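Engineer: Below is a structure I'd like to ask you about.
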Amino acid sequence: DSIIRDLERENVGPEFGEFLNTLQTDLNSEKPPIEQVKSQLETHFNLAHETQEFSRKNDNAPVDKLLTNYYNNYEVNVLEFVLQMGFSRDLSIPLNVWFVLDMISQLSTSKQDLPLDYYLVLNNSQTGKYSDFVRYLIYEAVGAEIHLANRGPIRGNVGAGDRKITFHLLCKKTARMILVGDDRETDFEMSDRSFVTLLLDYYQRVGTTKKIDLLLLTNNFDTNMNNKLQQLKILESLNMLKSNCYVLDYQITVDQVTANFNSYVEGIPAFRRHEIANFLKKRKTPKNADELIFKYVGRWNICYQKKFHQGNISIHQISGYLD
Amino acid sequence: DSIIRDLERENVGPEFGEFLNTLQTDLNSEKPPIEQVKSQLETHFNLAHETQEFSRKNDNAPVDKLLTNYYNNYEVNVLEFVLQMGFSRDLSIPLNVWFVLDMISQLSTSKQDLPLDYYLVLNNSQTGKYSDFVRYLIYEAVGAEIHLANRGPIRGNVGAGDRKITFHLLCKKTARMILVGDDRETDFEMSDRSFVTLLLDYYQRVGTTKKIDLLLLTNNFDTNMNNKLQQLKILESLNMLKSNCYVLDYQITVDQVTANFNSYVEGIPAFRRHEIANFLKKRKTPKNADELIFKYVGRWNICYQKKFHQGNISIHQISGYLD
Amino acid sequence: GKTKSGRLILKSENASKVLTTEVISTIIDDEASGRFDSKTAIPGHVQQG
Amino acid sequence: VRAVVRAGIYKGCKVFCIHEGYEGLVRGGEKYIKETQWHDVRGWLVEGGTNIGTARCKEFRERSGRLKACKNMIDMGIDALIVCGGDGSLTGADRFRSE
Amino acid sequence: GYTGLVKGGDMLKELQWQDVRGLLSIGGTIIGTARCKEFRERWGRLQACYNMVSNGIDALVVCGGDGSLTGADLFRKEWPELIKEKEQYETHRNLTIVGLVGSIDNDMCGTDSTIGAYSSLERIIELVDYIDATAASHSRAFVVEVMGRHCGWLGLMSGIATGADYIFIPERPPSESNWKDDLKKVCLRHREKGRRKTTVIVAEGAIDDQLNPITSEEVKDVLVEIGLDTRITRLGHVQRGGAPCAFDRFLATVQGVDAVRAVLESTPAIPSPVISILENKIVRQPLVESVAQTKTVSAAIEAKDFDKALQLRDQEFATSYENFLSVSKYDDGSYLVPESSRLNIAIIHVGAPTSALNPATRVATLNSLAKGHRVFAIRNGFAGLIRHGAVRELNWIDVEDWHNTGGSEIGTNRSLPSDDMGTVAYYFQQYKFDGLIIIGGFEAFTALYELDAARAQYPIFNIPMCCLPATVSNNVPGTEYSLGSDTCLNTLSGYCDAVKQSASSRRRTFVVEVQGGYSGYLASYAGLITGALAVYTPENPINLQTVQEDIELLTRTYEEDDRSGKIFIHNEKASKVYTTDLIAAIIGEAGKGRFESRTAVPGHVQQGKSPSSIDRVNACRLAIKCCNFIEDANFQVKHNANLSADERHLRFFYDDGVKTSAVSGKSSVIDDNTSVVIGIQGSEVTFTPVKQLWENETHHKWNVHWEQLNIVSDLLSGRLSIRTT
Amino acid sequence: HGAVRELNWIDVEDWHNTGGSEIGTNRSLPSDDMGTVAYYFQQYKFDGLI
Amino acid sequence: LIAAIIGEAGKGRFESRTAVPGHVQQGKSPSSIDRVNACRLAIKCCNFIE
């Protein structure tokens with residue numbers, strides 16, 4: 001409920017606060033909670049056209065079953081560490097959210113799985129405000145009536161297989177709370193740049209030595225900082241992805257970032273090495289110098305291999321480390 | 001509070017209830033809660049004339065200070081296991097309750113004492129109905145707001161010495177509760193004979209190897225069952241009294257058990273030997289045969305020393321054992 | 001038997017480049033054979049005041 | 001005083017500390033004139049005031065006391081006096097020198 | 001002050017992040033102060049209001065004493081009164097006013113301590129310490145005229161902190177009829193017992209029960225007619241100047257941040273507060289109530305009802321006065337207990353030295369001797385006991401000058417009874433100790449545990465024992481405060497003030513190494529109070545990314561500067577890699593040799609020459625509580641029992657076969673509650689048994705959080721701002 | 001009980017003929033309480049034991 | 001430290017230097033003594049366990 005006031009206060013339309021009233025899981029029912037909330041999202045927000053279009057404008061790709069189809073039951077259900085590096089700027093907040101739940105449902109079809117860890121990062125100011133909406137959504141989806149909190153991971157079971165999940169939502173509201181030791185007055189600026197480096201500050205101070213095996217990439221708002229290629233590049237440097245990590249890049253809009261991205265991921269080692277070098281030469285200034293991009297520059301020696309591509313949506317897997 | 005309702009049921013006068021209602025102590029004053037109850041008791045019940053006559057009719061003996069009279073400060077403060085074997089018939093219920101309190105205060109004049117255990121038996125119908133009222137008073141006198149119950153010892157700190165006590169009220173209501181296993185229904189008859197033997201059954205079962213050092217005898221109701229001498233003979237028999245026990249026997253009225261008590265206690269070993277045998281020849285019948293007076297006949301081979309006498313108020317002490 | 005007033009050795013940094021405050025103190029401990037210990041006190045270029 | 005006790009000891013001579021200044025000098029005895037050892041003046045650098053003590057001697061202001069003090073030095077076998085004090089404190093020592 | 005608010009024009013100037021550089025080691029005020037005079041008149045307050053509205057000032061923060069806050073409170077009451085000749089009205093209709101108590105007095109209600117109070121107390125102690133630091137003379141007396149117009153807190157605390165004979169406070173004034181004769185009594189009583197340094201403390205507001213003031217000259221005359229050469233020492237303006245002490249630096253910085261928060265967190269529904277401190281917790285009390293409560297103490301005194309006034313003071317004041325009165329009356333013989341009840345008390349110093357050891361031992365010896373107990377000091381810890389049987393009996397005279405002296409007079413070391421229990425147990429039996437006080441650190445905590453555990457094997461150890469936590473690290477479980485830690489913070493702040501001054505063609509950045517064990521408390525506290533850029537602690541990770549970030553802050557900080565000199569606080573046990581030496585080395589090579597990095601190692605100097613006033617006051621509170629515990633008759637053998645001398649020494653006897661405790665009368669001979677850690681939790685003193693504390697503690701020499709020290713420090717240095725852009 | 005008794009030339013009288021123990025004999029062990037045995041050995045300051 | 005003391009010796013008489021072969025001590029190829037013994041002992045190991 002408190003979220004409903006927070007939403008009105010953050011210029012967000014009442015629809016959201018209105019959904020959190022009509023939103024309730026049946027529990028006892030044959031249909032798994034994630035799927036219930038998922039279908040409720042489609043109805044309230046009329047996500048039938050936009051989903052269809054998102055497929056249509058991407059050469060009729062199965063935007064409902066991107067994982068399910070590509071991978072076999074084993075492959076999809078072996079994935080345990082997932083990073084969702086934002087929300088697309090090409091889809092509505094309810095379509096973006098829905099897709100989170102839909103990707104989640106996809107990895108939880110089986111009753112023969114080890115636990116799942118899902119990290120959603122809401123990087124810009126556009127999506128950032130919906131953290132609490134998403135948190136109340138994931139709470140109902142998993143049914144955390146096992147043992148919500150102002151901060152922290154939401155743990156419960158999920159999908160057709162009741163697979164134990166632990167959903168983590170990294171945003172600036174949680175980052176501010178952290179920095180001020182949970183003080184009431186969290187009203188201060190925080191640039192998207194600062195936010196990326198603080199996420200890392202947390203990975204290194206929290207200790208986490210687990211590898212991401214499915215990396216979800218898109219076109220987020222604030223591309224100067226939240227640049228797809230630049231995020232991949234960073235994760236490559238920090239040795240954060242599994243040696244056979246899958247990199248999914250979804251979106252509708254094709255731009256230069258996507259060209260730069262694809263030419264890097266699919267580029268020969270000599271191309272990647274130069275890609276990196278010339279960026280540093282062309283873009284590094286003594287004032288620019290400190291930015292994370294100048295430190296965590298990527299690695300040309302990481303090979304990828306194309307797995308899937310239906311116009312604007314692609315899957316590449318890391319295929320080797322030349323040394 | 002339940003107690004007031006209980007007293008109205010047992011046919012008891014309202015006085016007792018009214019006493020409890022106005023009965024209040026404050027451990028925010030120099031006067032100990034025991035001297036405070038004693039004061040409230042001498043007030044509400046107008047026990048001044050009765051106390052005055054109690055002494056004046058026992059050759060003016062200091063009834064208000066009999067222990068403080070005989071024993072010195074050490075002598076009295078060492079005594080740690082008391083047995084008050086019934087109430088006196090010659091004293092009104094409140095007068096007896098004051099005497100229990102006056103005795104407790106004397107044994108707790110020093111802050112250098114080892115803890116006291118005070119046992120009080122309520123051996124007949126005329127006193128047993130007053131047990132909870134007594135237990136409530138002792139509770140206030142000792143102040144067990146440290147850490148009441150329908151059963152069990154009242155722990156606390158009593159007197160100017162502020163000595164740790166543990167008061168025990170061994171009555172019929174308590175014995176019934178034990179027998180039924182704390183079932184609600186306790187309305188069944190219990191013989192005064194049956195009661196004594198069950199008190200023995202509790203002790204022999206608890207395994208208590210702590211010896212009585214002060215023994216308080218008097219003129220109880222059911223002189224046939226609660227015979228002062230018969231009670232002595234049973235404790236003499238069971239090795240329950242300390243090697244140097246103190247036997248304080250009081251009353252106003254004089255009877256034959258008083259003649260026979262003093263003749264036994266003050267008697268030469270040959271006399272006691274004969275006394276026992278002639279009771280057994282005279283009184284043992286095959287119908288009577290199983291009674292505790294024919295089991296625990298007493299011990300001729302013991303020795304006493306008359307320590308104090310002032311008209312029907314005597315103090316003897318076990319002077320020796322001849323084996 | 002006497003007053004316990006404590007013991008100091010003052011070493012100007014320039015007295016030895018090899019036998020430094022820290023080295024000197026470790027030699028004292030080595031040679032002391034548990035009969036007493038040695039500890040350094042290096043306040044630094046704060047002595048200005 | 002630490003310096004006098006040690007220097008004198010090093011130069012091979014007995015050092016006596018005259019407690020309560022002139023009062024101690026006039027009264028004399030083991031009570032005020034104590035033999036001091038090298039380890040007895042330990043860590044006196046840090047100590048404030050005077051561990052020996054000072055006292056205003058009324059008798060030493062007269063020839064009555066000045067003579068008594070002179071006797072006490074010859075009895076103690078003190079061949080030399082070191083006064084550490086103020087103006088009058090040293091003027092009185094100077095008068096004691098001529099007398 | 002208010003003069004600039006009334007003539008508000010050029011008197012209202014903006015402050016930049018760089019304008020407040022190095023103010024944590026300055027004092028008094030750079031904004032300047034003024035007496036409440038024209039703000040006493042309505043037309044003056046009206047003009048002060050206009051200036052705020054005109055200059056678009058929406059919030060006011062008043063840092064002052066009783067008078068300044070009474071004014072702030074009256075300005076808020078009279079604010080809804082806005083006369084009109086404009087959108088300005090609706091905008092500035094609701095005054096946002098917050099109050100900070102900047103007062104040496106410590107008069108203000110609702111707060112346990114005001115900004116400046118402990119620093120002023122330090123100035124008094126500074127002076128009386130010189131007076132005390134001379135070898136005693138046969139008939140000498142000293143009078144200290146202390147400032148503080150409205151409250152006896154400074155007078156009282158100085159009394160405790162200096163071991164004064166007599167004190168004069170407005171809250172409990174003496175009779176006009178016989179104060180001189182009572183002064184004489186008290187003094188001569190102590191002089192009889194050996195005291196040669198008679199000290200009296202006269203407060204600024206000192207009076208007799210008939211409201212007549214008591215001058216220090218009046219007091220001098222009393223002592224002079226007792227045959228004592230008396231010397232007045234008037235502190236004067238000395239008590240208001242100088243750098244704030246360790247606690248004040250923390251108190252003002254923390255309350256200052258909250259004041260800004262309180263402004264932001266405001267609405268007309270939420271009342272105007274006074275940023276106060278209560279159980280070491282910052283609290284927001286209402287200005288209305290605090291000014292009102294403080295007026296009622298002034299009223300009580302003026303009304304000659306000094307009982308209402310003393311009762312109107314916080315427990316802090318009450319407990320302190322009770323302690324001063326207790327210690328003063330130890331010479332009475334009123335504390336004396338029966339011959340049978342007298343015991344042999346042992347005091348041992350286990351751990352590294354702290355200046356707080358001698359004052360604590362002093363109070364404990366006097367408390368014990370007052371009752372007729374015999375005090376035995378185990379010289380040179382457990383090793384001294386084991387190797388040489390080094391026990392020394394203490395008397396009233398032995399205690400002399402210990403309230404001022406640092407380190408240990410008996411010797412302190414980290415040796416443990418483990419070294420030889422048998423030998424420790426032999427000696428405890430020989431000297432027949434009936435109680436033990438282990439003053440020290442983690443090893444004093446360890447020894448208490450070891451001896452408690454040994455109770456099984458060695459009956460002689462079944463005595464009441466306690467650990468009085470004294471350590472610079474604040475690493476002992478069972479307390480929030482360890483004696484000697486405040487002295488250390490004071491030593492460090494002062495040390496760093498000299499560092500930043502020498503950092504103004506010598507040096508630029510300094511890596512000051514703090515030795516606070518395996519706990520980041522010392523370093524974190526020190527960081528906040530010294531305005532350190534970065535603080536290195538074992539609790540927070542050090543790596544190539546963290547280091548680069550620290551270098552970036554330092555780099556971005558230096559490329560703005562035009563008083564300078566920066567510091568980093570490195571805890572001795574933070575990284576086995578990134579040491580004080582490596583961090584300093586990386587800073588030096590940074591910016592292609594941009595700045596000159598230097599290391600500083602205060603080290604063993606952290607114990608200090610003299611204990612601070614906080615240390616002196618607490619050493620006395622806790623020593624008293626230790627003695628009260630071990631010497632409690634409840635834990636001691638009962639004398640009205642058929643006990644043999646050996647039975648009373650073994651503390652058990654066999655009754656009718658059953659092994660009974662000669663204390664409890666209980667079958668269980670060993671009581672776990674008798675081996676306790678005496679510490680502070682909030683304001684209250686706590687007694688906690690070792691067995692329980694020992695399962696709780698870590699092998700990293702001990703759950704506990706001081707996070708907000710690091711949060712506030714990072715906010716005030718560039719850190720939080722650089723970390724968020 | 002701390003049951004220690006000092007013996008003298010006179011105490012020894014008639015013991016060369018007598019059976020059993022005049023001081024008492026039993027199979028109890030110091031194990032029962034070493035600390036108490038050790039306390040008593042220290043009090044009476046025993047320099048030898050048979 | 002030994003090298004440092006040698007250097008300062010003779011008021012800077014000779015130039016002292018440290019050398020740390022270290023992990024190179026294992027060698028590129030085993031010596032003939034090592035080859036011959038490895039064979040003798042391996043044979044004796046097998047003969048024992050088998």
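Residues in the structure tokens are numbered from 1 in each chain, the chains being A, B, ... in the order shown, and ligands are numbered from 1 in the order shown.
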DSSP on the backbone: which residues in segment 217-282 of chain B end up as helix (DSSP H, G or I)? Give the answer as a ChimeraX atom specification.
Structural biologist: /B:228-237,256-265,269-282
Engineer: Can I get the selected residues back with N, CA, C and O atoms, as a short mmCIF file (atom, residue, chain, number, x, y, z; two decimals), in the first residue's frame?
Structural biologist:
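Result went into again_20.cif, see below:
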data_model
loop_
_atom_site.label_atom_id
_atom_site.label_comp_id
_atom_site.auth_asym_id
_atom_site.auth_seq_id
_atom_site.Cartn_x
_atom_site.Cartn_y
_atom_site.Cartn_z
N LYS B 228 0.38 -34.68 70.38
CA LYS B 228 1.70 -34.03 70.54
C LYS B 228 2.84 -35.03 70.78
O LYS B 228 3.88 -34.94 70.16
N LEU B 229 2.63 -35.99 71.69
CA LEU B 229 3.57 -37.04 72.06
C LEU B 229 3.66 -38.07 70.92
O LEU B 229 4.77 -38.45 70.56
N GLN B 230 2.50 -38.50 70.35
CA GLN B 230 2.46 -39.46 69.25
C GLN B 230 3.25 -38.93 68.03
O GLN B 230 4.01 -39.70 67.41
N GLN B 231 3.14 -37.59 67.77
CA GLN B 231 3.89 -36.88 66.72
C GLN B 231 5.38 -36.94 67.06
O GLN B 231 6.18 -37.16 66.16
N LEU B 232 5.77 -36.77 68.35
CA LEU B 232 7.18 -36.82 68.76
C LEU B 232 7.76 -38.21 68.50
O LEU B 232 8.79 -38.36 67.81
N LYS B 233 7.05 -39.23 68.99
CA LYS B 233 7.41 -40.63 68.85
C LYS B 233 7.63 -41.01 67.38
O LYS B 233 8.66 -41.62 67.06
N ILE B 234 6.76 -40.55 66.47
CA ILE B 234 6.93 -40.83 65.04
C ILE B 234 8.20 -40.17 64.44
O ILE B 234 8.89 -40.83 63.67
N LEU B 235 8.55 -38.94 64.83
CA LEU B 235 9.76 -38.29 64.31
C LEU B 235 11.03 -38.90 64.93
O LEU B 235 12.05 -39.01 64.24
N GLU B 236 10.95 -39.29 66.24
CA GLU B 236 12.01 -39.97 67.01
C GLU B 236 12.33 -41.29 66.29
O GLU B 236 13.48 -41.71 66.20
N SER B 237 11.27 -41.94 65.79
CA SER B 237 11.33 -43.22 65.11
C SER B 237 12.00 -43.18 63.77
O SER B 237 12.78 -44.08 63.47
N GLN B 256 -3.95 -34.09 79.68
CA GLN B 256 -3.19 -35.28 80.09
C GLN B 256 -2.02 -35.59 79.13
O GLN B 256 -1.00 -36.11 79.57
N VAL B 257 -2.15 -35.24 77.84
CA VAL B 257 -1.09 -35.45 76.85
C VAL B 257 0.09 -34.57 77.27
O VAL B 257 1.23 -34.93 77.04
N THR B 258 -0.20 -33.44 77.93
CA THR B 258 0.78 -32.50 78.46
C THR B 258 1.51 -33.16 79.63
O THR B 258 2.74 -33.10 79.68
N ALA B 259 0.76 -33.87 80.50
CA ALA B 259 1.34 -34.66 81.60
C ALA B 259 2.22 -35.78 81.02
O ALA B 259 3.39 -35.89 81.38
N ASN B 260 1.68 -36.55 80.06
CA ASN B 260 2.35 -37.66 79.41
C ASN B 260 3.48 -37.25 78.51
O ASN B 260 4.41 -38.03 78.36
N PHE B 261 3.41 -36.06 77.90
CA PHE B 261 4.49 -35.57 77.06
C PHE B 261 5.69 -35.30 77.98
O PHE B 261 6.74 -35.93 77.81
N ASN B 262 5.50 -34.42 79.00
CA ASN B 262 6.55 -34.08 79.95
C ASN B 262 7.12 -35.27 80.73
O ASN B 262 8.29 -35.25 81.08
N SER B 263 6.32 -36.34 80.94
CA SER B 263 6.78 -37.54 81.65
C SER B 263 7.66 -38.41 80.77
O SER B 263 8.55 -39.09 81.27
N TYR B 264 7.39 -38.41 79.46
CA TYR B 264 8.13 -39.16 78.46
C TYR B 264 9.50 -38.46 78.32
O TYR B 264 10.52 -39.01 78.75
N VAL B 265 9.49 -37.23 77.76
CA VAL B 265 10.64 -36.36 77.50
C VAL B 265 11.62 -36.27 78.69
O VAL B 265 12.82 -36.46 78.50
N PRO B 269 15.77 -43.49 80.99
CA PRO B 269 15.66 -44.47 79.89
C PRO B 269 14.79 -45.70 80.17
O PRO B 269 14.08 -46.17 79.27
N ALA B 270 14.82 -46.21 81.42
CA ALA B 270 14.03 -47.35 81.86
C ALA B 270 12.57 -47.04 81.77
O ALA B 270 11.82 -47.89 81.32
N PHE B 271 12.17 -45.80 82.15
CA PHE B 271 10.79 -45.30 82.13
C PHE B 271 10.20 -45.26 80.72
O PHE B 271 9.07 -45.72 80.52
N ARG B 272 10.94 -44.65 79.77
CA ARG B 272 10.53 -44.49 78.37
C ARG B 272 10.33 -45.85 77.73
O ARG B 272 9.35 -46.03 77.00
N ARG B 273 11.23 -46.81 78.04
CA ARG B 273 11.23 -48.19 77.57
C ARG B 273 9.94 -48.83 77.98
O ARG B 273 9.25 -49.42 77.15
N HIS B 274 9.58 -48.66 79.26
CA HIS B 274 8.36 -49.19 79.85
C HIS B 274 7.12 -48.51 79.29
O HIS B 274 6.15 -49.21 78.95
N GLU B 275 7.18 -47.15 79.13
CA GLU B 275 6.13 -46.29 78.58
C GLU B 275 5.70 -46.83 77.23
O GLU B 275 4.52 -47.17 77.06
N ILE B 276 6.65 -47.00 76.30
CA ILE B 276 6.38 -47.52 74.96
C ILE B 276 5.67 -48.88 75.03
O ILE B 276 4.51 -48.98 74.62
N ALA B 277 6.33 -49.90 75.62
CA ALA B 277 5.81 -51.25 75.77
C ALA B 277 4.39 -51.30 76.35
O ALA B 277 3.53 -51.97 75.77
N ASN B 278 4.13 -50.56 77.45
CA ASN B 278 2.80 -50.50 78.07
C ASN B 278 1.73 -49.81 77.24
O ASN B 278 0.55 -50.04 77.47
N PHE B 279 2.13 -48.99 76.25
CA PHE B 279 1.16 -48.36 75.35
C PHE B 279 0.77 -49.44 74.36
O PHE B 279 -0.38 -49.55 73.97
N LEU B 280 1.78 -50.20 73.93
CA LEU B 280 1.65 -51.27 72.96
C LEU B 280 0.86 -52.44 73.54
O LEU B 280 -0.02 -52.96 72.86
N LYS B 281 1.12 -52.84 74.80
CA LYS B 281 0.34 -53.90 75.42
C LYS B 281 -1.12 -53.42 75.58
O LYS B 281 -2.03 -54.04 75.04
N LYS B 282 -1.32 -52.24 76.21
CA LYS B 282 -2.62 -51.60 76.47
C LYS B 282 -3.46 -51.36 75.23
O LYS B 282 -4.62 -51.77 75.20
#
Engineer: Which residues come within 6 Å of residue 200 of chain E, counting only C-alpha atoms, excluding same-chain residues fewer than 5 positions away, as a PDB file with C-alpha atoms, in the first residue's frame?
Structural biologist:
ATOM      1  CA  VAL E 143      41.358  26.915  45.430  1.00  0.00           C
ATOM      2  CA  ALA E 164      38.856  17.488  45.313  1.00  0.00           C
ATOM      3  CA  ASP E 165      38.292  17.699  49.122  1.00  0.00           C
ATOM      4  CA  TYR E 166      35.255  19.981  48.856  1.00  0.00           C
ATOM      5  CA  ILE E 167      33.182  21.477  45.976  1.00  0.00           C
TER       6      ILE E 167
END
Engineer: Could you name the residues that touch segment 17-20 of chain E at 9 Å or less, counting only C-alpha atoms, but leaving out those on the same chain fewer than 4 positions away, as a PyMOL selection string?
Structural biologist: chain E and resi 24+30+560-561
Engineer: Just to confirm, what's the straight-line distance from atom CA of residue 162 of chain A to atom CA of residue 217 of chain A in Å (one decimal)?
Structural biologist: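 Separation between atom CA of residue 162 of chain A and atom CA of residue 217 of chain A: 26.2 Å.
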Engineer: Could you give me, as number ranges by chain, the residues within 12 Å of residue 2 of chain A, counting only C-alpha atoms and dropping anything in the same chain fewer than 2 positions from it?
Structural biologist: A: 4-9, 17, 20, 132-133, 136, 148-150
